[PDB]
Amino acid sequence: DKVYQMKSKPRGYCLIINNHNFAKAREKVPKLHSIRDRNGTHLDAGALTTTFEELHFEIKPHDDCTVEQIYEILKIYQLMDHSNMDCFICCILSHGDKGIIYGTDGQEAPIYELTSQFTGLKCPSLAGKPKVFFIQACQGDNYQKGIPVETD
């Protein structure tokens, strides 16, 4: 079985976009008047930092980013030289809705607009290398229902 090369030290960058304060969204976007601050999100940021440092990634944290700021950060990493890296990880911790994540300003970033910045053509030094995105956000307002099953 073929396995991606994963030997470089560091393995690559692990970006963490950690959005807590949604004051701007509450003031600016009518429909997000009651969008809440994401209390405890730093516990995820810390867990991701501990975990991926242990796995030999260089952690790059960014707290409380608007959509424009998120795109700026991704553009920086898109243009960076990953030639000595074997992998790239981007973690997004925010509010969201169907197919999107929210900036702290309540603007929407389509998930594809984030991931597609690191295609082979746009980031050639990651060509052939794993690009991993972890998205912690809602993707809508529905409570997924449960179904009864036999216990394992």
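The first residue of the sequence shown is number 1, and the count goes up from there.
- Using the B-factors recorded in the PDB entry, average over the C-alpha atoms of 108-116 and of 122-130, then report which stretch comes out higher. That would be 108-116.
- Message: Please place residue 60 in the lowest, middle or highest third of its chain according to the CA B-factor in the PDB entry.
- Response: Answer is middle: the recorded C-alpha B-factor places it there.
- Using the B-factor values recorded in the entry, state whether the Cα atom of residue 100 falls in the lowest, middle or highest third among the modelled residues of its chain. Within its chain, residue 100 is a middle-third residue by C-alpha B-factor, going by the deposited values.
- Quick one: classify residue 70 as lowest, middle or highest third of the chain based on its Cα B-factor. Middle third - that is where residue 70 ends up once the chain's C-alpha B-factors are sorted.
- Divide the modelled residues of the chain into thirds by Cα B-factor and specify which third, lowest, middle or highest, holds residue 86. Its C-alpha B-factor, which the entry lists for residue 86, ranks in the middle third among residues of this chain.
- Third of the chain's Cα B-factor distribution that residue 22 belongs to, per the entry: CA B-factor rank for residue 22: lowest third.
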